[PDB]
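If you read the sequence from its start, that first residue is 1, and numbering goes on from there. What's counted below: heavy atoms across the whole structure, side chains too, no hydrogens, waters or symmetry copies.
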Amino acid sequence: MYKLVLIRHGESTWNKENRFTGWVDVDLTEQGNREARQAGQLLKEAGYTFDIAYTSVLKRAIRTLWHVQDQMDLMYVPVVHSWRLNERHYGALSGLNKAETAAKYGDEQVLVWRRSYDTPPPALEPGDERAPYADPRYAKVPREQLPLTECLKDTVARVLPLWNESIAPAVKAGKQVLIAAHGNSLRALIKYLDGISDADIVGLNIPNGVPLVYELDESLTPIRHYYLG
Ligand SMILES: O=[P-]([O-])[O-]
């Protein structure tokens, strides 16, 4: 039997401002820093340790990981930063206030853009300042693999290779793994782990900064899961 711990980044500036974020590299609020430290303290007091961690290339998740590491006295473990764990790409919605958007386009249209498993937000133009092509984070990524928008389906497809190629072999090698990531990239990973239907995944929400523990059997199939706290 194995344990895997997942954690969503603490409150970001745009979470506070109610803006769609996606791949925009915004940072934690004071609250979010607090949440991350509390999560690290909660794992420390429960006796968890880790041998490796996975995160995105986005600072809100990385700083969350840093606070956890600092509270646990785990500043030295290897960390794999992967674009594959980035938040779902919000396209031309990135940066817009969610309430303003719903007023302009309607509540239903926004709920389709936010939670339709299969229908993506309107795309960035390839010339937009928000596009990923000139960002050093993505300099070794095939141009054709870089998104201009994503639905959860695309996010699931992007997350899986990192699971199959790196995280699952670590878990099988006996490494105690922590994944510090994002609301929709953790929804996507959960969807895969728990074998959740396209319909059923629509109502799953992940709070900021709360450890989510998975117990996994010999074939890495979930036995049970629970939040700590
Ligand atoms: O707001 P977040 O889950 O990237």
Considering only residues two or more places apart or on different chains, which pairs with a residue in [range] satisfy ring-ring contact (aromatic ring centres under 6.0 Å, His included)?
range: residues 14-47; value: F20-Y90, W23-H89, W23-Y138
range: residues 31-81; value: none
range: residues 143-162; value: none

Sub-3.5 Å donor-acceptor pair from the side chain of [X] to the main-chain atoms of [Y], do we have one?
X: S94; Y: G91; result: yes
X: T55; Y: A180; result: yes
X: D194; Y: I196; result: no
X: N33; Y: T29; result: yes
X: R130; Y: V24; result: no
X: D217; Y: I223; result: no
X: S56; Y: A181; result: no

On a heavy-atom basis, which atom in [X] and which in [Y] lie closest, and how many Å separate them?
X: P132; Y: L146; value: CG-CB, 3.9 Å
X: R115; Y: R187; value: CD-NH2, 3.5 Å
X: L216; Y: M1; value: O-CG, 3.2 Å
X: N86; Y: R158; value: O-NH1, 2.8 Å
X: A131; Y: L148; value: CB-CD2, 4.2 Å
X: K175; Y: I52; value: CB-CG2, 4.2 Å

Nearest 0.5 angstrom please: [X] [atom1] to [Y] [atom2], how far?
X: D51; Y: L178; atom1: CG; atom2: CG; answer: 11.5 Å
X: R60; Y: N208; atom1: CZ; atom2: CG; answer: 10.0 Å
X: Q31; Y: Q38; atom1: CD; atom2: CD; answer: 9.5 Å
X: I167; Y: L160; atom1: CD1; atom2: CG; answer: 9.5 Å
X: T21; Y: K98; atom1: OG1; atom2: NZ; answer: 6.5 Å
X: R19; Y: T101; atom1: CZ; atom2: OG1; answer: 9.0 Å

Enclosure of [X] [atom1] (heavy-atom neighbours >12, cutoff 6.0 Å):
X: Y105; atom1: OH; value: no
X: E30; atom1: CD; value: yes
X: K3; atom1: NZ; value: yes

If you group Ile, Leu, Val, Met, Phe, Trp and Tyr by side-chain heavy-atom gaps below 4.5 Å, do [X] and [Y] land in one group?
X: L152; Y: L189; result: yes
X: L42; Y: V210; result: no
X: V141; Y: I62; result: no
X: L186; Y: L220; result: yes
X: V110; Y: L93; result: yes

Inset, instruction - Look at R88 together with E150 and state whether they make a salt bridge at an N to O cut-off of under 4.0 Å. - result: no

Inset, instruction - From the options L43, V5, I7, select the one residue that forms a side chain to side chain contact (heavy atoms under 4.5 Å, CB included) with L228. - result: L43

Inset, instruction - Check the pair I201, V156 against side chain to side chain contact (heavy atoms under 4.5 Å, CB included), reporting the backbone distance first and the verdict last. - result: CA-CA 12 Å; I201 199 63; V156 168; over 6 Å; no

Inset, instruction - Run the numbers on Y2 and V177 for side chain to side chain contact (heavy atoms under 4.5 Å, CB included), then give the verdict. - result: CA-CA 10 Å; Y2 303 114; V177 171; over 6 Å; no

Legend entry - Sequence-distant partners of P161, side-chain contact (heavy atoms from CB on, under 4.5 Å), two or more places apart: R84, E165

Legend entry - Contacts of type side chain to side chain donor-acceptor pair (under 3.5 Å), residue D27, not counting sequence neighbours: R63

Inset, instruction - With side chain to side chain contact (heavy atoms under 4.5 Å, CB included) as the test, would you mind laying out the steps for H182 and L85 before giving the verdict? - result: CA-CA 8 Å; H182 305 263; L85 285 165; 5.6 Å; no

Legend entry - Residues that, via side-chain heavy atoms closer than 4.5 angstrom, fall in one hydrophobic cluster with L28: none

Inset, instruction - State which residue, out of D198, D200, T155, fulfils the side-chain hydrogen bond (donor to acceptor under 3.5 Å, both in side chains) condition with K191. - result: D198

Inset, instruction - Determine, step by step, whether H225 and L6 satisfy the side chain to side chain contact (heavy atoms under 4.5 Å, CB included) criterion, reporting the C-alpha distance in whole Å, the side-chain angles of both residues, the deciding distance to 0.1 Å, and the verdict. - result: CA-CA 10 Å; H225 63 270; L6 308 177; over 6 Å; no

Inset, instruction - Evaluate the side-chain proximity of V57 to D135: yes if any heavy-atom separation is below 4.5 Å, no if none is. - result: no

